[PDB]
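**Q** Pasting a structure below so you can have a look.
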Amino acid sequence: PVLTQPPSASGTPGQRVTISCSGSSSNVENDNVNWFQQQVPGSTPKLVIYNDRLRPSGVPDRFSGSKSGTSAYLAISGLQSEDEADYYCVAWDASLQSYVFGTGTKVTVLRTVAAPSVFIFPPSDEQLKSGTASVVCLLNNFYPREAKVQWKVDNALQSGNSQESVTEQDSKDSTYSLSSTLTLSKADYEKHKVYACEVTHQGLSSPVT
Amino acid sequence: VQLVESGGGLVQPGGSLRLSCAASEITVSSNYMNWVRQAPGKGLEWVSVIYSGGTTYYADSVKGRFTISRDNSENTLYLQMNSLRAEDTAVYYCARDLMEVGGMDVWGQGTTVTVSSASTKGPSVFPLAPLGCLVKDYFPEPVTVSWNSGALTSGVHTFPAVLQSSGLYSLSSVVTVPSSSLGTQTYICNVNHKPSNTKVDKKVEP
Amino acid sequence: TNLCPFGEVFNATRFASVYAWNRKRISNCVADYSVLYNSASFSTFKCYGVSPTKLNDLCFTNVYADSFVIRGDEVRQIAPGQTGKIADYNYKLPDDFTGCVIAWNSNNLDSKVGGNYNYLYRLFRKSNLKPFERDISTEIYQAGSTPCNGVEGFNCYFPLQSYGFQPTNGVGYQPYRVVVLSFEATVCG
């Protein structure tokens, strides 16, 4: 049992994004739709709107909401840079004594561009000493989430390992960061050239060490 | 005004676990209070509510498999979870449901419950010389990495983990150190894996 | 030969919020209890004890008429062994009840546009009410360590809240007037 709510939402800075949330006449028709904001999956939620349309304390006048029968809505006015988050809606249903959440909508603001500051660290000394190796690329702040980083290896492509992370996070500096790791063998490290890390944004970069 | 989730993590299927949320400044015996969960990369699911005067309500996806209660004399509520399954693998949140005069304010951080087999896997901390540490090969999650205890509050970059296909996880945290006199304050990781009960304080040096 | 003034309580112009269940001692009178259910213009008339006709044939010490107004979803809670905000923190029936719970919709009479916000439901009480107990207290509720000392605020909310009775509302969220007949020398049929 869920409340239907769109997967995605988009808007330029300053625009107003209006999240849906539609349910039954025993869900959102009454019993007060509550609205929640969660920056990141494991994050702590934050009550933006409550009791249909009322606001708590510490919540901007920006955020706002309205009800129309089978569906109420969340109006994120004055779209800030940080506001890009997963948003959820809740309501009580006497029918099956429970609270009914929503699918979640991911507001995505669309604006300036940033450069991925990139740091690579070599295999640790005593990692190598255990018949193992592994190397690390640690990509820092960038705003467009896109970042293909297939470890070039040498000047000759090799995509053996090179395990890479999704994205999200930064939060502070509401850009995005990421992680990619190319495992090696102990003796395979002494194979010459130092691999490099094709951090490829719209532009490109490759600290090779 | 704080609620700290303090349950456990890794449990064989069909096992049992007890979750707890310590409460600061909210009288748990008086204010409704309510448990909510979030599966790995999914939505939010209301688990159970308790009332001030009792009269619990549960979700059908648990019913008899889960029970909720209030410690008497102590300002803590609990979720006894039994007959657990892999669906239940999630993050669990305690929360204050003020029905109409407010809402679900004051949520907790969340304890991370991972219902599976294959046993724990303790990490192998390795230093990233000038700076960082490499939390390698660990299961289940989370890992708590602090630099020089709580001293290095700033400069820290606790990057998210990866999923090595073999099921193992790996994480790595770095700090932007003043390259000026960096050789002064010795920099020391402090990593803790509560499941494997693996506490490694590993120093990173040039 | 005095007849019971059940009509005086039933067809009352003005009922009462649930937090103040009005009680009239129906006593020393004549009650063809069957004609009340024969007035089958009632949504819920379930007699946990015995049917009205059988106890029409019967007498008690006194008869207690409990009148209040609740929301439609919550008619279920005016029943033995029922768990709910109205049951726990407003009006509770003994788990051993031998009387009749009577109810009818009143969306016509007790709903107005914008809302008859003049009906009240207790949202906060630290402990479930005992059978047949009434709390009129307006003291501010303490959900916290800090004592309120009489100012509404955070962790210091007001107990009694109000139903929002608007005609456009759903059916289960509509006014229902409920009369509970309790049965304990006076009154016969």
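Note that the protein sequences, when read in sequence, are chains L, H and R.
The C-terminal position of the first sequence is numbered 210 in the entry's author numbering, with every residue numbered one higher than the one before it.
The second sequence runs 2 to 131, 143 to 218 under the entry's author numbering.
The third sequence runs 333 to 516, 522 to 526 under the entry's author numbering.
For every residue, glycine included, the Cβ atom is placed at its ideal position computed from N, Cα and C.
(1) I need the straight-line Cα distance from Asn343(R) to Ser371(R), nearest angstrom please.
(2) Note down, in chain order, each residue of its chain lying with its Cβ closer than 6 Å to the Cβ of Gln3(H), except the 5 sequence neighbours on either side.
(3) Under 7 Å Cβ-Cβ, which residues of chain R neighbour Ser125(L)?
(4) Give me the Cβ distance between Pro218(H) and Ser118(H), rounded to the nearest whole Å; I'm assuming they're in contact under 8 Å.
(5) Which stretch, first to last residue, makes up the alpha helix (DSSP H) that contains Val367(R)?
(6) Can you tell me whether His205(H) is buried or exposed? The criterion is at least 16 other CB atoms within 10 Å of its CB, across all chains shown.
(7) Please name the residue or residues paired with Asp428(R) in a DSSP beta bridge.
(8) Quick one, which of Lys192(L), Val167(L), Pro42(L), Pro2(L) has its alpha-carbon nearest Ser23(L)'s?
(9) Give every residue of the same chain whose Cβ lies closer than 7 Å to the Cβ of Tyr495(R), excluding the five residues on either side of it in the sequence, and list them in chain order.
(10) From this set, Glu46(H), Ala96(H), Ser84(H), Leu180(H), which residue's C-alpha is nearest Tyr33(H)'s C-alpha?
(11) In angstroms, rounded to a whole number, what distance separates the CA positions of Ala23(H) and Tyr79(H)?
(12) Classify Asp89(H): buried if its beta carbon has 16 or more other beta carbons within 10 angstroms, exposed otherwise.
(13) Report the rounded CA-to-CA distance for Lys424(R) versus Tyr150(H), giving the unit in angstroms.
(14) Output needed for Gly15(L): all residues of its chain with C-beta closer than 8 Å, excluding positions within five of it in sequence on either side, in chain order.
(15) If you draw a straight line from the alpha carbon of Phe122(L) to that of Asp171(L), how long is it in whole angstroms?
(16) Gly526(R) and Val382(R) - do their beta-carbons sit closer together than 8 Å?
(17) For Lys356(R), which of helix, strand or coil comes out of DSSP?
(18) Run down chain L in chain order and give the residues with a C-beta less than 7 Å from the C-beta of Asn501(R).
(19) Going by CA-CA distance only, name the one from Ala134(L), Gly132(L), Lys194(L), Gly204(L) that's closest to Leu158(L).
(20) Helix, strand or coil, according to DSSP, for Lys386(R) in the structure here?
(21) What's the C-alpha gap between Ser120(H) and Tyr181(H)?
(22) Going by beta carbon distance, what residues of the same chain come within less than 6 Å of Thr57(H), once the five residues before and after it are set aside?
(23) Can you pull the chain R neighbours of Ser26(L), defined as C-beta to C-beta under 7 Å?
(24) Considering only the beta carbon of each residue, do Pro507(R) and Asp427(R) sit closer than 8 Å?
(25) Between the Cα of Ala130(H) and those of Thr133(L), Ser131(L), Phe120(L), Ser44(L), spot the shortest distance and give me the residue it belongs to.
(26) Straight-line CA distance for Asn160(H) to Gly144(H)?
(27) May I ask which residues mark the beginning and end of the beta strand (DSSP E) holding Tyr199(H)?
(28) Give the range of the beta strand (DSSP E) segment to which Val108(L) is assigned.
(29) Fully enclosed by the segment 27-93 of chain L, which beta strand (DSSP E) runs are 3 residues long or longer?
(30) Along chain L, in chain order, which residues have C-beta atoms closer than 7 Å to that of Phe151(H)?
(31) What residues from chain R crowd round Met100(H), counting only those whose CB sits closer than 7 Å?
(32) What do you get for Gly104(H), buried or exposed, if any count of 16 or more other CB atoms within 10 angstroms of its CB means buried?
(33) Suppose the cutoff is 8 Å on Cβ atoms and the five residues either side in sequence are ignored; what does the same chain contact list for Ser27(L) look like?
(34) Is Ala95(L) close to chain R? Criterion is C-beta to C-beta, closer than 8 Å.
(35) Looking at chain L, is there any beta carbon in it that lies within less than 8 Å of the beta carbon of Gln176(H)?
(36) Report buried or exposed for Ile20(L), applying the criterion of at least 16 other Cβ atoms within 10 angstroms of its Cβ.
**A** Reading it off the structure:
(1) Position 11 of the third sequence holds residue 343(R). Position 39 of the third sequence holds residue 371(R). Going from the Cα of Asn343(R) to the Cα of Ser371(R) covers about 12 Å.
(2) Indexing the second sequence from 1 puts residue 3(H) at position 2. Counting only Cβ-Cβ distances below 6 Å, and skipping sequence neighbours, we find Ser25.
(3) Looking up residue 125(L) in the first sequence gives position 124. Correct list: empty, because the minimum Cβ distance to chain R is about 49 Å.
(4) Here residue 218(H) refers to the residue found at position 206 of the second sequence. Here residue 118(H) refers to the residue found at position 117 of the second sequence. Not really, about 42 Å apart at Cβ, beyond 8 Å.
(5) In the third sequence, counting from the first residue as 1, residue 367(R) sits at position 35. It spans 365-370 - the alpha helix (DSSP H) in which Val367(R) sits, taken as one unbroken run.
(6) Locating residue 205(H) in the second sequence gives position 193, where the first residue counts as 1. It is buried - the Cβ of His205(H) has at least 16 other Cβ atoms within 10 Å.
(7) The residue given as residue 428(R) occupies position 96 in the third sequence. Partner(s): none; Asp428(R) has no beta bridge.
(8) For the purposes of this step, residue 23(L) is identified with residue 22 of the first sequence, where counting begins at 1. Of the candidates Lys192(L), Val167(L), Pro42(L), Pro2(L), the one whose C-alpha sits nearest the C-alpha of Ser23(L) is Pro2(L).
(9) Looking up residue 495(R) in the third sequence gives position 163. Contacts found: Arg403, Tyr451, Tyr453.
(10) As a first step, residue 33(H) is located in the second sequence; it is residue number 32 there, counting from the start. Ranking the options by Cα distance to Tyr33(H), first place goes to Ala96(H).
(11) To locate residue 23(H), count along the second sequence from 1; it is residue 22. To locate residue 79(H), count along the second sequence from 1; it is residue 78. When rounded, the distance between both Cα atoms is 9 Å.
(12) Locating residue 89(H) in the second sequence gives position 88, where the first residue counts as 1. With 16 or more other Cβ atoms within 10 Å, it is buried.
(13) By one-based count along the third sequence, residue 424(R) stands at place 92. By one-based count along the second sequence, residue 150(H) stands at place 138. Near 54 Å, if we compare the C-alpha coordinates of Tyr150(H) and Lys424(R).
(14) The residue you call residue 15(L) lines up with position 14 of the first sequence. Hits under 8 Å: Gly79, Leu80.
(15) Position 121 of the first sequence holds residue 122(L). Position 170 of the first sequence holds residue 171(L). Cα to Cα, the separation comes out at about 20 Å.
(16) Along the third sequence, one-based indexing puts residue 382(R) at 50. Along the third sequence, one-based indexing puts residue 526(R) at 189. It is not a contact, given that the beta carbons lie outside the stated cut-off.
(17) As a first step, residue 356(R) must be located in the third sequence, where it is residue number 24. It is a strand residue.
(18) The residue you call residue 501(R) lines up with position 169 of the third sequence. Correct list: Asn31.
(19) Locating residue 158(L) in the first sequence gives position 157, where the first residue counts as 1. With distances taken between Cα atoms, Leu158(L) lies closest to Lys194(L).
(20) In the third sequence, residue 386(R) corresponds to position 54, counting from 1. Helix.
(21) Within the second sequence, residue 120(H) is the residue found at index 119, counting from 1. Within the second sequence, residue 181(H) is the residue found at index 169, counting from 1. When rounded, the distance between both Cα atoms is 13 Å.
(22) As a first step, residue 57(H) is located in the second sequence; it is residue number 56 there, counting from the start. Only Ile51, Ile69 meet the Cβ criterion.
(23) Start at 1 with the first residue of the first sequence, and residue 26(L) comes out as number 25. Correct list: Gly502.
(24) The residue labelled residue 507(R) in the question sits at position 175 within the third sequence. The residue labelled residue 427(R) in the question sits at position 95 within the third sequence. Against a cut-off of 8 Å, the Cβ pair of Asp427(R) and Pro507(R) comes out as no contact.
(25) In the second sequence, residue 130(H) corresponds to position 129, counting from 1. With distances taken between Cα atoms, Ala130(H) lies closest to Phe120(L).
(26) Position 148 of the second sequence, counting from 1, holds the residue named residue 160(H). Position 132 of the second sequence, counting from 1, holds the residue named residue 144(H). If you take the alpha carbons of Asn160(H) and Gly144(H), they lie about 12 Å apart.
(27) Translated into the one-based positions of the second sequence, residue 199(H) becomes position 187. 199-205 is the extent of the beta strand (DSSP E) around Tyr199(H).
(28) Start at 1 with the first residue of the first sequence, and residue 108(L) comes out as number 107. 106-110 is the span of the beta strand (DSSP E), which, as asked, contains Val108(L).
(29) 35-39, 47-50, 64-69, 72-77
(30) In the second sequence, the residue the question calls residue 151(H) occupies position 139. The contacting residues do not exist; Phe151(H) stays about 15 Å from chain L at best.
(31) Residue 100(H) sits at position 99 when you count from the first residue of the second sequence. Here the neighbours are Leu455.
(32) For the purposes of this step, residue 104(H) is identified with residue 103 of the second sequence, where counting begins at 1. By the neighbour-count rule (16 or more Cβ atoms within 10 Å), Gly104(H) is buried.
(33) For the purposes of this step, residue 27(L) is identified with residue 26 of the first sequence, where counting begins at 1. Hits under 8 Å: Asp94, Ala95, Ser96.
(34) Taking the first residue of the first sequence as position 1, residue 95(L) is located at position 94. Yes, its Cβ sits closer than 8 Å to a Cβ of chain R.
(35) For the purposes of this step, residue 176(H) is taken as residue 164 along the second sequence, with counting starting at 1. Yes, because at least one Cβ of chain L sits closer than 8 Å to the Cβ of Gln176(H).
(36) Here residue 20(L) corresponds to residue number 19 of the first sequence, with the count starting at 1. It is buried - the Cβ of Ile20(L) has at least 16 other Cβ atoms within 10 Å.
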